[PDB]
2 protein chains.
Amino acid sequence: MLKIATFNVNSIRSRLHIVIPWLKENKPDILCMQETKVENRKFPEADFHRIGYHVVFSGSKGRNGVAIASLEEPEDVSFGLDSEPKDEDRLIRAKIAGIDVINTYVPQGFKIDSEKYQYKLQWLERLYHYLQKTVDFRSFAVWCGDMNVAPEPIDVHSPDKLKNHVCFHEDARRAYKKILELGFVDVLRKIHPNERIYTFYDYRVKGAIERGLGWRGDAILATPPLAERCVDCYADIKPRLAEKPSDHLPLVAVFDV
Amino acid sequence: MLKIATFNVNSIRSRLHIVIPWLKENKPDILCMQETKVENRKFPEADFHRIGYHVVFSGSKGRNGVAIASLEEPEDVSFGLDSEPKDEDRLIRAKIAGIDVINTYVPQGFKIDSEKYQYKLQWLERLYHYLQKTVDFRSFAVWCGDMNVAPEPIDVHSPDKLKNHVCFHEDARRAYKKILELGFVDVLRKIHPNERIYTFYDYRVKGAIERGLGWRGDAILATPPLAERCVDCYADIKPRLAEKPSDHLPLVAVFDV
DNA sequence: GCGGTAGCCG
DNA sequence: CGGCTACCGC
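Residues numbered from 1 in each chain as written, not as in the entry; some residues may be left out. Chains lettered and ligands numbered in written order. Heavy atoms only, no water.

A. Expanded view of the overall build of chain A. The secondary structure content of chain A amounts to seven helices and 12 strands. Compactness check: chain A gives a C-alpha radius of gyration of 17 Å against a globular reference of 18 Å for 257 residues, within 12% of the reference. Here chain A, with 257 residues, has 58% of them falling under the buried criterion. In chain A, once contacts between residues fewer than 6 apart in sequence are set aside, the share between residues at least 24 apart is 69%. For chain A, the accessible surface area stands at approximately 11900 Å², while carbon and sulfur atoms represent 48% of it. Of the side-chain charges in chain A, 38 are positive and 38 negative, and the distance between the mean point of each set is 4 Å. (Helix = DSSP H or I, 4+ residues; strand = E, 2+ residues; numbered from the N terminus. Rg over C-alpha atoms; globule rule 2.2 N^0.38 Å. Buried < 20%, exposed > 50% of the residue type's maximum accessible area, 1.4 Å probe, protein only. Contact = heavy atoms within 4.5 Å. Areas by Shrake-Rupley, 256 points an atom, 1.4 Å probe, with all protein chains shown as cover. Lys, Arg positive; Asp, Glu negative; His and termini not counted. Charge placed at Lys NZ, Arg CZ, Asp CG, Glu CD.)

B. Representation of the protein's contact with DNA strand C in the model. Close to DNA strand C lie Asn 10, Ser 11, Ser 14, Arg 15, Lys 61, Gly 62, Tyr 203 and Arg 204 of chain A together with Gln 108, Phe 110, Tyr 203 and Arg 204 of chain B, which account for all nearby residues. The sugar-phosphate portion of DNA strand C accounts for 62% of its atoms within 4 Å of the protein, the bases making up the rest. Residues belonging to the surface near DNA strand C are distributed by class as follows: three nonpolar, five polar and four charged. (Near = heavy atom within 4 Å. Nonpolar A, V, L, I, M, F, W, Y, C, P; charged D, E, K, R; others polar.)

C. Quick peek at a negative patch on the surface. A grouping of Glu 72, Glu 73, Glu 75 and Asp 76 of chain A is seen on the molecular surface, where their side chains present a negatively charged patch. Within the fold, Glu 72 of chain A resides in the loop between β4 (63–70) and β5 (75–79). (Patch = residues over 30% accessible without salt bridge, like charges linked within 9 Å, V, L, I, M, F, W, Y side chains within 5 Å. Salt bridge = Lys/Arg side-chain N within 4 Å of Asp/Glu carboxyl O.)

D. Seen up close, the pattern of salt bridges. Residue and element names in this part refer to chain B. Taken as a whole, this structure holds 29 salt bridges over all chains when the rule is applied. In this structure, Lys 133 engages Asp 82 in a salt bridge whose closest nitrogen and oxygen atoms are separated by 3.1 Å. A residue pair is termed long-range when its members are at least 10 positions apart, and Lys 133 in helix α3 (residues 115–134) and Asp 82 in the loop between β5 (75–79) and β6 (91–96) qualify at 51 residues. Overall, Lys 133 belongs to the exposed group, its relative accessible area being 63%. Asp 82 sits in the partly exposed class, given a relative accessible area of 43%. Two residues, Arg 173 and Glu 152, come together in a salt bridge whose shortest N-O distance is 3.9 Å.

E. Local environment of the nonpolar core. One finds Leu 127, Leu 131, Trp 143, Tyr 176, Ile 179 and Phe 184 of chain A to be the most contacted residues of the largest nonpolar core, which totals 35 residues. The set of elements that each furnish at least two residues to this core consists of α3 (115–134), β8 (141–146), α4 (170–180) and β10 (218–222) of chain A. For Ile 179 of chain A, the residues in contact, after removing those within four places along its chain, are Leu 124, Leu 127, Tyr 128, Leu 131, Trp 143 and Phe 184 of chain A. One finds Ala 150, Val 166, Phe 168 and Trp 215 of chain B within the second-largest nonpolar core, a separate group that totals 34 residues. (Core = buried A, V, L, I, M, F, W, Y, C linked by side-chain atoms within 4.5 Å.)

F. Structural context of the UniProt feature "binding site: Mg(2+)" (unreviewed entry) in chain A. All names here are of chain A. UniProt tags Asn 8, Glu 35, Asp 146, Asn 148, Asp 247 and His 248 as "binding site: Mg(2+)" (unreviewed entry). Despite a sequence span of 241 residues, these residues sit close together in the fold, their greatest C-alpha distance being 13.4 Å. Residue position: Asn 148 is located in the loop between β8 and α4. On the accessibility criterion, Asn 148 (9% relative accessible area) is buried. With sequence-adjacent residues up to four places away left out, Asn 148 is seen in contact with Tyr 105, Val 106, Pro 107, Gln 108, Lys 120, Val 166, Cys 167 and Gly 217. Setting aside its immediate chain neighbours within four residues, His 248 contacts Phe 7, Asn 8, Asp 146, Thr 199, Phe 200, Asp 218 and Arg 240. Side-chain polar atoms of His 248 contact the side chain of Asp 218, separated by 2.9 Å. (UniProt positions renumbered as here; feature names shortened; annotations may be inferred. Polar contact = N/O pair within 3.5 Å; in protein donor to acceptor, adjacent residues only side chain to side chain.)

G. How the structure looks around the sheet that holds strand β9 (residues 185–186) of chain B. Residues and elements named next belong to chain B. Reading across from one edge, β5-β6-β7-β8-β10-β9 is the order of the six strands in this open sheet, with mixed pairing throughout. Edge positions in the sheet fall to β5 and β9, since each has one partner strand and no second. Packing of α3 onto the sheet brings it into contact with β5, β6, β7 (99–105) and β8 (141–146), and relative to β6 it is tilted by some 20°. (Pairing = 2+ DSSP bridges. Axes fitted to C-alpha atoms, helices over the stretch in contact; angles between N-to-C directions.)

H. Quick peek at α4 of chain A. Residues and elements named next belong to chain A. All of the buried residues in α4 are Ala 172, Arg 173, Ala 175, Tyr 176, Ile 179 and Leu 180. Buried residues in α4, looked at end-on, bunch into an arc of 165°, giving them a common side. Exposed side of α4, more than 90 degrees from the buried face: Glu 170 and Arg 174 are the residues found there. As for α4, its buried residues are in contact with α3, β8 and β10. (Arc of directions from axis to C-beta.)

I. Quick peek at the packing of α3 of chain B against helix α4 (residues 170–180) of chain B. Residue and element names in this part refer to chain B. Look at α3 against α4: their axes get within 9 Å of each other, and the N-to-C directions meet at 10°. Between α3 and α4, the crossing angle belongs to the class labelled roughly parallel. For the pair α3 and α4, the contacting residues are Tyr 117, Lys 120, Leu 121, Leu 124, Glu 125, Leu 127, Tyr 128 and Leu 131 in the first and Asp 171, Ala 172, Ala 175, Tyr 176, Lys 178 and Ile 179 in the second. Each residue belonging to the contact of α3 with α4 can be placed in one class, and the counts come to 10 nonpolar, no polar and four charged. (Parallel < 35°, antiparallel > 145°, perpendicular 65-115°, else oblique.)

J. Spotlight on the protein's contact with DNA strand D. If you check the shell around DNA strand D, you find 15 residues, and the closest are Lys 116 of chain A together with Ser 11, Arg 15, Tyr 203 and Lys 244 of chain B. Counting only atoms of DNA strand D within 4 Å of the protein, the fraction found in sugar and phosphate groups is 72%. One nitrogen or oxygen atom from the side chain of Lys 116 of chain A is found 3.1 Å from a phosphate oxygen belonging to DNA strand D. Taking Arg 15 of chain B, its side chain carries an N or O atom lying 2.9 Å from a phosphate oxygen of DNA strand D. When its residues are assigned to classes, the surface near DNA strand D shows three nonpolar, five polar and seven charged.

K. Summary view of the environment of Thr 36 of chain B. Residue and element names in this part refer to chain B. Mapping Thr 36 onto the fold places it in the loop between β2 (30–34) and α2 (45–49). Along the sequence, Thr 36 and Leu 121 sit 85 residues apart, while their C-alpha atoms lie 23 Å from each other. In this structure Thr 36 touches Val 9, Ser 11, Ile 12, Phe 43, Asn 64, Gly 65, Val 66 and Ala 67, once residues within four positions along its chain are discounted.

L. Summary view of the packing of aromatic side chains. Residues and elements named next belong to chain A. As enumerated under the stated definition, the model contains 12 aromatic pairs over all chains in all. Taken together, a centroid distance of 5.3 Å and an interplanar angle of 65° make the contact between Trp 143 and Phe 184 edge-to-face. Separated by 41 residues along the polypeptide, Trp 143 in strand β8 and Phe 184 in the loop between α4 and β9 (185–186) bring together distant segments of the chain. The exposure class assigned to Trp 143 is buried, which follows from its relative accessible area of 0%. (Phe/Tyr/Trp six-rings, centres within 6.5 Å; stacked < 30°, edge-to-face > 60°.)

M. Here's a closer look at the sheet that holds strand β3 (residues 54–60) of chain A. Residue and element names in this part refer to chain A. In spatial order, the strands read β3-β4-β2-β1-β12-β11; together these six strands make up an open sheet with mixed pairing. The sheet is open, and its two borders are formed by β3 and β11 (230–235), each paired with just one other strand. Each strand of the sheet is rotated relative to its neighbour by a mean of 10°, with strand direction disregarded.

Set out below in structure tokens:
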């Protein structure tokens, strides 16, 4: 079996007490991480090596930042989109254990009336052309990450109220779904269709977990031949309940490979 | 037995992971704290209550701040000196288990040539008069705190280097010793008159403990009849080695009463 | 809320 | 080094 996970860590240097024990327990083949919030020269790579994980990383000071930890040595590592602004701190790609892995931290967008929202839409359009150009859909590939898009009403707690939210607004949803149409399968919905499963609970929301006030903007998207072999996918609530948790949960997929 | 401790905590809300386990393990009758750095309405009372400790506290935002935790309910609680500026955030006094407890965070002084050092000197003069007026030296009383004064050469690592340091300058030493000559016994020196023992190691001095690069500016001072019963007094080095420690060490005195 | 940033400070 | 005052981002 092959296990691939994705996890927005909200600062890797402030989350090793979660990530390292979680890797020891769950032993995924590949863990994609977002919002590492660290410059490359300060990335805590030794902490991963000591538990038998390779780790590749791309980030700048204070914000954004992406990394992939793996049991097998990553090859053919690249950073960013292939056009300006490259945003190396938002996209890291590698061939790992025969899998083409693309890990994205999509711009969140701030508010729909902002320049940042237009930048998010443009990023999703650029990502479309990037993946159309570079992904072999007859091969095993996974596009993982924190997409900052909840594509269907089941992916948000209150679809009726969130029409103007940057993570649920129609333009972002349409742009994200345009990429899925290339032939990515949202494996969470292969296994758990139409089921309230959230990968994010806002720190600011009192009792968020207990009252089900979450979002599902994180995804593992697999090419058709890999998706066909997906036998499980779930969000792990345990690290979200631990002391000093990330606001996101890991999302885990298991393939019959 | 009766156990009394003093501990400069460098922000109580940042030090509960040290202080609460420390109380549970050491079970002192009285713990005086300095540099709590918290306004009264935000003092973490419940943390002490849930381990069976009373706590009384006096402080404003971000600087200074004093508190006393005790097994027995404090009585006749007062804040500050009895003259303007009162500095309620630098003195808290209470009758606890029949003992008159005075907890001070003496002005540090900054530099020898500054208005702040003058303020430190007049504060010590004011404290002399306050204690002379209000302490019965026939009764059980303890004056403890972070005095920001190392009275003798044994109390500092480099007496020569530090002649003009605010915590070891002759003016502050004589002002402090003037208070002691009222009848206060520095119990650390009753038990360990000749030992190099420190209650502070600067965070910035790498290897300070091994290198003996410490200061002893914290004290537990007892009236003669209480002092006569002192059987032990030591600084606890263990919490100084802990993750995210205070820069100061708990100073502990035990009395056979 | 709770990550990050900078400069101030002992 | 690790508190503070502030701010910034999600």
